[PDB]
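In case you want the letters, here they are:
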Amino acid sequence: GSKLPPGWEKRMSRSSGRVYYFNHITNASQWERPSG
């Protein structure tokens, strides 16, 4: 994929903000897309 590892969700920010992805191991979030 695009720099992100597997381990992720497509959470939403404050509400409408963005679908910042969120990892569930490390619980960081981001704009790219993982695929392995």
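This deposited entry lists solution NMR as its structure determination method.

Listed in the archive, the entry goes by the title "The NMR solution structure of the isolated Apo Pin1 WW domain".

Visitor: Hey, could you go over the sheet that holds strand β2 (residues 21–23) for me, with residue numbers and the actual values?
Guide: Strands sit in the order β1-β2-β3 across an open sheet of three strands; the sheet is antiparallel. Each end of this open sheet is capped by a strand with a single partner; those strands are β1 (8–10) and β3 (29–30). The pairing of β2 with β3 spans two bridges and is classified as antiparallel. Paired with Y21 across the bridge in β3 is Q30.

Conventions used here
- Residues numbered from 1 in each chain as written, not as in the entry; some residues may be left out.
- Heavy atoms only, no water.
- Pairing = 2+ DSSP bridges.
- Helix = DSSP H or I, 4+ residues; strand = E, 2+ residues; numbered from the N terminus.

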